[PDB]
Amino acid sequence: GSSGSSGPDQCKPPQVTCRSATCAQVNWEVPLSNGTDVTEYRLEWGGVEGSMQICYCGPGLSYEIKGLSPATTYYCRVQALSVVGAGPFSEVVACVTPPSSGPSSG
């Protein structure tokens, strides 16, 4: 702090891919971190931005979400945890699932 910066750089927002009315895949990556390396990744996903919690935790980079609802807005935020301290979160990526009006294939 007083002398010498610590912690990785901001984390970029993941990529959401509405797999289905009740399905959504996410994907993130590691920022330009040379000094300290990332230990794990805490991804949060909840109905609305106001409501969000830890959904998946691990060194993984790709995660698929299921059991969602159609025509419903959702948000996700990924943060990088280091050995010196947890870094900031990424730009909340908003996404809305497609309406399930009728049958479905799968």
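Residues numbered from 1 in each chain as written, not as in the entry; some residues may be left out. Heavy atoms only, no water.

- The record names solution NMR as the way this model was obtained.

**Details of the sheet that holds strand β7 (residues 93–96)**
No. 1: The four strands are arranged β4-β3-β6-β7 in an open sheet whose pairing can be described as antiparallel. At either end of the open sheet lies a strand with only one pairing partner, and these are β4 (54–58) and β7. Between one strand and the next, the sheet's axes are offset by a mean angle of 20 degrees, whatever the strand orientation.
No. 2: The sheet contact formed by strand β3 (residues 40–46) and β4 spans four bridges and is antiparallel. (Pairing = 2+ DSSP bridges. Helix = DSSP H or I, 4+ residues; strand = E, 2+ residues; numbered from the N terminus. Axes fitted to C-alpha atoms, helices over the stretch in contact; angles between N-to-C directions.)

**What to know about the environment of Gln 10**
No. 1: With respect to the secondary-structure elements, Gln 10 resides in the segment before β1 (17–20).
No. 2: Counting along the chain gives 13 residues from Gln 10 to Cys 23, while the straight-line C-alpha distance between them is 28 Å.
No. 3: Contacts of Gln 10, omitting those with residues within four sequence positions, involve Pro 31, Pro 88, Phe 89, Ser 90 and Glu 91. (Contact = heavy atoms within 4.5 Å.)

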